[PDB]
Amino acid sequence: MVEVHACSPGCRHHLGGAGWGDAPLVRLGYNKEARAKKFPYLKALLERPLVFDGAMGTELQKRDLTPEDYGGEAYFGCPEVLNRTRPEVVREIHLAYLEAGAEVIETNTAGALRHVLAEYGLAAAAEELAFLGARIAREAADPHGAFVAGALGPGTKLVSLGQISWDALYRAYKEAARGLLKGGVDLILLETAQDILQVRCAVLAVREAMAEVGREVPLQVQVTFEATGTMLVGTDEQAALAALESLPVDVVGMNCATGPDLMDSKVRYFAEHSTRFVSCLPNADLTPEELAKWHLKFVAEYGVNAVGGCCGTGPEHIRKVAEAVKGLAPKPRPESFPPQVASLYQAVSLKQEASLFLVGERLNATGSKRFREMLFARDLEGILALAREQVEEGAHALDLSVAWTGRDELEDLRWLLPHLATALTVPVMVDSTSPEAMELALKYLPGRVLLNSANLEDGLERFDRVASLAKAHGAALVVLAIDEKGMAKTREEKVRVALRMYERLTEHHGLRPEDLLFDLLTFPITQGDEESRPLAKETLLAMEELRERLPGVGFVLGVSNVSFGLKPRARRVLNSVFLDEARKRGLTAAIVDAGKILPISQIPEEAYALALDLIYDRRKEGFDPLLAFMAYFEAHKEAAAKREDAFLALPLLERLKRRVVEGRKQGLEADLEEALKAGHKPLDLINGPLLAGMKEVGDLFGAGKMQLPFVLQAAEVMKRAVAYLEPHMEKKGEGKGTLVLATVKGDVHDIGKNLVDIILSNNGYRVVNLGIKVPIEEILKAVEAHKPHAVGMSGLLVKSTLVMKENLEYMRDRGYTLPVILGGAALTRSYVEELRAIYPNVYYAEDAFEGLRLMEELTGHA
């Protein structure tokens, strides 16, 4: 092995593993075959479904156990102290589960954690009671030749919410896992997880336990989804899986809180998308027979790898499940997972559909006077509004740098990060030259973070420290083309540094290409020195080359830099054109603000061609592009005022259209008022100038001539106009029936939907509008509560047409035959015709009027 000898003193491979051998993640993905060859539990998961045991706690509660059984009054009701004071009772329950057909039992150790046990005066006994728990299970399982799972639960204190420090929590999982490993468990099971940051904390602590003890075992991680649909601290299934896929874990799954019914969408999401094996352990009430049917569905139809029960399930539940699942062939797991990052709340794709991945930069002390002022003044409320402003303008993630000469970086992160952890809906790109700052940040930020910058500026060791940190915490990584020779300025230097960095991150450390965002630099081309004139072109040509040579990797640029030195209008224009040029060369992400760009649709053809000449350095004895480009803005200084007066001069109707296209909120309501006073009706304005404006924005976005922030600015105008016009809308009928209406899970588009709501409401239909990103469970809760004549689902993403199909499947499975009306721009009539195969009663609606006519037909025209 070359690689075993090629470590620096910066490498920390115990937690994340390296790029070779048995590490959980390597360049090629989840290291399934190697780990199946080393570990009998994973071999078994490949070969057959593994039946878990059922509840321990609810089994213990059925024994009439006295204070004496627990060692005294102090310890009464602590399950884990029974490992010392009534071992034979814990064992008997294992024996009942094995005799019922369980091939995997869990240790009575879920609450064998320092801070949980402190309740009973047992804080110092966590390792002991965990070790005795593993021994009890070993004693029962060894005659049966079964597996033992060392079970650790979430504890009583939520780390994302500040109720315990990462370090105290880390120490609690470590010592506990140590007990389990020394006791002979075959795998460690982190279960009933409520806090996605705890998952990261405990995974890394349990890994460290393995390294300390010299014994590695598979790691299985199960979250709990509450009846509301998320983990307790607010994490959905998508964000959960995104946060798990990049960690050193073998098996992902869920347990507790609900029965399999509510669990079904979440189990199907894991079964469908995870590269790891998948487990499912529902709570119960639920009969043995019912649970056996749900696990037959989950195994045979979805490909779930291990099945058992949680709280309320007994031996009898496991008996029926083992009979139901014996002899089913496992389905193969998916081999790739789309690159995604995550906040506490939501997953975000790194390959954004039809768009760059846009990273706001205003939370950067170096680049932002406002943020700096608010940081030093400890203005939390101001920083969160700034965060929100950026997300509102389309930021998929936020770059954060607090570093400032004169200040303690670590103090400022300790102040700010606890608040960002729970406030942000989007992920954080942690921006720092200090690995210590990075490591501190990774103790506070839930989900899958980004790290802004592995580079070779300060030696291989720092590079390896950052690389190691990213591998262990499952972070995406920005790779910056700077080495011992300095910043790479030419295409040749950029490719060479990128290739060296790539090979080290993939082959040595085991990061996937998909985790990497290569930053070839952005230098100013405005200063006007002959050195600086080709520096933009060099980045663009390097990026194209590295795109063909490195499939899978991403590219990110801080684009504003290109234009440093210029006047604001010139900057906005150069930044925008550079960004589009970079997109055409392979760019996947951009660190940029909305204010520092404008739509290409708004750039005169002459400014456009001059910006091209400057970027590509089209210099002649004829003409110097920098001077020509500067001179353009000198000679069109009045341009802002010709725009404003020409805008204000337009006819009323065309002016309404223009407000949409150009995002002009200011004076909107006055124009709409003017139109209502002249006798125009609300729906005329909506269907006419306003939606014509949205049609044009769509054409420009689809043609690459308008970026996401300006589509959001058009969207805001559109929704303000509809909200102003809605109260003036003429009603046209009386109680004709009821529609439950929703945009489906994953989708935030609602302009279509809300027009539907308004047209139907005013033609005399009760519309229960459930909003955006509505899961099928909440749709059907609404169906049950309101008993409507139909259900409406809106979908504008291609992805949403697949959610609609699955929604129809979910509805068929639970007996629904109510009419379903599907609509949205992504969805065709030919496609809804085909869904009739799943669900007879499904109808397509081209528009709100077609929706109206379908409600008319389906209620007898009421």
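Residues carry their position along the shown sequence, with the first being 1.
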Unresolved deposited residues in the interval that joins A284 and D285: 10 or more
Higher mean Cα B-factor in the deposited model: 637 to 645 or 268 to 276? 637 to 645
441 to 449 versus 731 to 739: which one carries the higher mean Cα B factor per the record? 731 to 739
Among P248, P604, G111, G552, which carries the highest Cα B-factor? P604
Choose from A721, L398, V217, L180 the residue with the greatest Cα B-factor as stated in the PDB record. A721
Classify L797 as lowest, middle or highest third according to the C-alpha B-factor given in the PDB entry, relative to its own chain. lowest
Per the entry's values, where does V495 land by CA temperature factor relative to the rest of its chain, in the lowest, middle or highest third? middle
Where does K781 sit by CA temperature factor within its chain: lowest, middle or highest third? middle
Just say lowest, middle or highest third for the CA B-factor of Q198 relative to the other modelled residues in its chain. lowest
In terms of the chain's CA B-factor thirds, is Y816 lowest, middle or highest? highest
